[PDB]
């Protein structure tokens, strides 16, 4: 054939690959993702290039998970332990400022050792019922929730966990491909693909039934699932219009610093000032009714005309039955019943508040959120919904990674392989 | 002639480096690196090499990793610090009579999950795990509360030995000796190159070498300076002796909560045969095995008939035969195996829950009890013997490196040295 | 035509990590043998800028020393269980007479197992103990207010053996060889070395001990002479011999804390009653200060100069604090700095809870040292601050000032092998 | 652009985590440089050899097909011969050096 | 460093030259960066390499050859410190053209 | 045959595998990963140090390189037929082990002198 | 509201001392307490930061007339006087501004709620 | 810190008034940490305002200027009932009290 091997370097080819991506820009996120972002991101149109994307198997979702857990632990590790407080609590009924009672709170007295490890004193603090477990029946004696399962630590008030956009960048030798076709939906070939080095910034917002502060779908509402005919394989609905949600805790809380040891203190909840309205979230009614109807119209493209209906979660604890909204740093567990209630000016969701949480289903670990003094107001953008199937749908919930997959679905990591060969009609001259 | 420079020359030097460990088990978790699915071996034709099993540093390196994994695996587990309390330790009864000396019913006052609450609890302990505080006052403590913390191993964590292959990094190679009569030191005139060693299970024992490979030829006696009495002799058998060990009773255990998610596991009661653990070695096999060892031993000591004596004395960790059987530590007598001059042999065996496997000053471990009964079966592949008219041999022992030298005797680690020069007829041209 | 050169003799100011190089902390980490025959190259016609107060090596060594200090103490005995109420009375020594500064204190400690509450006692210095209330025998240790106290283990020495710091490949250390260099200007006689000389990491406050004496006359170095907010480092060309002592035989006990832990504490003192004192040659001291002043007046030629026997702040800085073997001395310098232009026998105090580094949240407890102790040291410099006439006072107290005075002649630079220059020829084969 | 014209045919197309990442970047770099050098492409983006195309790796009339196939498709087409070709390229370069220093008729 | 500071024409033949991991890795990175740059330029393997880029008279006042040997490298580097990235870019462009011209002007057997 | 398989071959037969031995010098959770990281860093340094020597000797890019340094009969007085046909590389490495540092120093100086002569002494004026 | 009941004390002729305190209607210690002087003199001055909330300090009514003191067991607190003098022949009162965190030290942003009936021993 | 206000002889009804306090110390690093209280003859004091806001559970007839030197004029003086009232420099340990004029 008179052909000889010609070696070429700088060949535009690649392979699917999994590598370590790095993130870029008193805030924990800002401290860790200290690396500057690209002020002028580049993008290559990749003329005549098609590619296979698979969000459900995208390793970046899992890698982002590992980074959030790791960062959380670095931040929480060098802080006060509350295990010295795992004592019997002598509790009475709910109390409040002046002639009132706060349902959901209890006034508890406890025996705390002073810093000299000999003298002992009693202290009083208010606690949420959801953070307290009764020791026996017909008894006033209680203990803190989880003193029978794990160490409880206190988050340091000095550090902010407020989400900031995080940009992920591939290391040298790697690139990130993006699907920019729109209406991509689930897995499969994308016929409009481009190359970038870094992702858009994604804020690490953690929630359950409602996905907050993400990007909006371009075009129509997109329903993403893995084999949509299944009851499992949680469905991610990505809205093209946002819904404003305003959440609040309309009362003035105070904080008491209790010394618990040689360089340690606990932050206790003291008297609460103002009216007692618990907590709640405000959603416009017409906005919700129209938004849900549009979702249904898109469900009708996957399902035949059917008896489509929405119901509240069928069971489990607050972590899966409510909207686990972080708001201002106290944790909100808001009731979505009345939101996911339909058959095919505003409404409010009643909401509960907690201080002791187990984060990403750590279970064997727990964290205590110091109380926030004064009142709290939070406004967020609902950008997507999470649904599961029984055509009855319920919010269900995910593995707490759906709040990443919903943004990372358009990105893929590939290894660049610049070396290759092909035959040519040219023999080496010597 | 002129100097020519070469790169890629197939030569090497003795070298030291870090080898890769290839394989809810700790060894499997740690040695997460897969083994070569199809290991290669390249015979080096017309190559000789000098091997020395007493000085190759592969044993020392794995020692450090064995210790590191053992300790690291135990770190994220329950501490028994709060158990260092006065114990009553009265005579425990399994059934009928209170005649079992080994177990005591220890009652004590221990802090529970709430810091302001204390409870009266009890558990059964072995005599070998406790010490009397005041003679005849019936006050006892755990033996290691004298010097350090005792860590309870996690019940979900398996320390079961699995075969481990050690693999060279790029730039390094492992040379293997293929001489069945090597004896542990000197040149091998049949050498092959491998990337990874054969798998070795990290089995820890004393006196007898268990679950190793067998000698290719006849029994090989390997020792440094065998004529000295200051050296340990490793005897590598060419046939395995079957040994079976058991604890013939059903142990039921309790759980005492001592903190926010932490609990102590301990014997509640034992139902079954009240006797101690037993090990069984076939008699005919043992006598044949020993006779065969002697026939080869006579080549080094061709004199008066050899006497085999029991171990000389010292702590139980060095005088008896230790067993890593399941989760319980067996301390078995060898008397009757080493009482001779040159259908089963039943040997009594004690059990302990508190051990110090690596004789570390700062460490102690508590083994959670096995619920139910235990049967342990293994291959005796060799002996660790010491020597001290005729010769006297005893089932003595070393530092547990013997356990690894016995497999890692045929391997050497070398570094590749790609550069060199040689004379030629060709001078560099000006061009 | 642009000619490209590689291996070009150019360097730039840079900051990197220097090698630690070379039962003893310093030896444990600075465990790499030094160059047995250091080389040095004189750079003919080269001038370079050195600046003591901008020299990052001072700060780097400081951070590494702190790390070495903590790393060494970490794997040792905690004294946490001893932060209990103490019952203290007056201690006596030698005779039935009360020895001032010592108190005889008892306490209830667990020791073996649990619930023994064994009554133990020890002698303590008043400087380490704070009274709990008025008219009371009940006391607590001073660090119970902030943190745990770590006992230093006798197994390890902290003796300041000299360390030579070495640059990494790609870097070099430039040295100033001007005998009268003032610390901020250009040095017109420089050379290149790979490692610094051996600098002993000696800890002191007001006086600089065991350094290298000036090559020239006494050199007075400060960032700014005019600015009274700056520290003046006086580098002497002649040393002062200092002999300090604790003239008594201490006997110590060992109080079990728990498994693997024990407290070392003073049992009794037999010997002189004076706790400590120090011998400074009278003639040397008087002449030394006069010489400093004759040089000080060329920077401050104003009326008369006086050294006032005064200082401010607490005991850690108002005195001369130094180690004597493993002992901690706090000597009164009012007997030294008292003059306007045999031996001094200064009184000295002893303290055991040392807040080394003056950091909040850390303390170390110095075990008692058995028998009697003497130390000999060389004053190689002084630290002064000031403000018609001018008043100077002992200053310092900042540990970095003790190192800045030795590293003053060294600078770290990065080597930059590439560069270009114009030429006559174009590449010949194109 | 870096991967621009990836979809074009050959005629035109041819025209602690941080330390781990840095080490890998170096290892990938060095492998490409060693591998190009060992075949005779040191200092070149494109070079030729004396190793013939066997026709078994691919039996296509590539002198014309070259302009109607992309690098991505090609890379897949002959991926099974990667080691074979590379081994031949290594042998070719080594033999050339052995001929250069042949003592009978040296350089 | 070795000997240094002499007037540039005297520099001929003088061209003869967890923290621990960070230091070693960076030393490697710096080494390779210089080799990569010499690599893109037609300079790989050389201490001295000649270009296809004329010296641009706009950069400094070139008093013929005197500028090449009237000071050492330290002052020279300062005089043209603001052109280094320009000169390097020009050298890359020129070598890139050379690579394209050799690629197209194939000899072969 | 592969990797060190040619190690026992004669000096002449050996080297037909220089490429193989050279390519095999490159490599293609918790604390134990640090020891592995350290090993990788050192492997890179060793590779580069050999490349630095080939660079300074003027042998960059070649597996077989000649120089202008003559062979000194002091190092070895054997002829070529013995050296290339009977002797192996392991034996040779031992035979002249005490001259390696001399030859390497000579190679560096020879290359510097060559470059000194190659350098254009202002031909263009 | 603490609604504390003042315990009161006998008057003394510039002699001895008193720490009468007020008994709280609810809780003890906790984190809501205060002590003050009282007089027909621009409401006198705060006497002590008998704040509970794991802390206590003297206030500005007198540099060294009394020290803050408390007993959780008695549901009561007062500064305990010493060296009584005629200048001290005045009223005293209890209050319980709630505790709060305010960076360094403290500020009584919360009002002095629950003033006691008070007492006097002039 | 110091407090005083020119609220002497405040004999009035219907029309509310108060004098502003001296506010020697602003006492307003955050959230106006200053407060007002008043007492009827033969009565304990009670909060009137805090942080210039009507005190909780006190009265509708309460107001204050948004200033460190605020005057806590009643929103209305329809009830008359003049009584001594004063501000305190709550931010200070030395929370100095105003004259407590009617």
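Residue numbering begins at 1 within each chain, and the chains themselves are lettered A, B, C, D, E, F, G and H in the order written.
Quick note on the criterion: contacts are C-beta pairs under 8 Å (C-beta built on N, C-alpha and C of every residue); 3 or more make two chains touch, one makes a residue touch a chain.
Undergrad: Can you give the shortest number of steps from chain F to chain G, where adjacent chains in the path must touch?
TA: 3
Undergrad: Select, from D-E and B-F, the pair of chains that is joined by more C-beta pairs in contact.
TA: Result of the comparison of D-E and B-F: B-F.
Undergrad: Go ahead and note the Å separation of the Cα centroids belonging to chain A and chain D.
TA: Measuring from centre to centre gives 46 Å for this pair.
Undergrad: How many angstrom lie between the centres of chain E and chain G, each centre taken as the mean Cα position?
TA: Taking the mean C-alpha position of each chain, the two centres sit 81 Å apart.
Undergrad: Going through chain G residue by residue, note those that touch at least 2 other chains and give them in order.
TA: Touching at least two other chains: 110.
Undergrad: Which residues belonging to chain F are in contact with no fewer than two other chains?
TA: As it turns out, chain F has residues touching two or more other chains at 15, 18-20, 22, 26-28, 34, 37-38, 40-41, 44, 47, 60-64, 66, 80, 120.
Undergrad: Counting only residues that touch at least two other chains, what does the list for chain B look like?
TA: Chain B, residues with two or more chain partners: 4, 424-426, 429.
Undergrad: Could you pull out which chain D residues touch chain A in their complex?
TA: Its residues touching chain A are 1-8, 10, 13-14, 17-18, 20-21, 24-25, 28-29, 32, 35-36, 39-41, 44-53, 55, 58, 62-63, 66, 71-72, 74-75, 78, 85, 88-89, 96.
Undergrad: Quick one: in the complex, what on chain H touches chain A?
TA: Residues 56-57.
Undergrad: Spell out the residues on chain E that touch chain D in their complex, using ranges where they run on.
TA: It is residues 18, 21-22, 25, 28-29, 32, 39, 44-45, 99, 103, 108 of chain E that touch chain D.
Undergrad: Taking the complex as given, what residues does chain G use to touch chain H?
TA: Residues 42-46, 49, 57, 59-60, 93, 102, 105-113, 115-118.
Undergrad: Taking the touch rule as given, give the residues of chain C at its contact with chain F in the complex, in rising order.
TA: Touch residues, chain C against chain F: 423-426.
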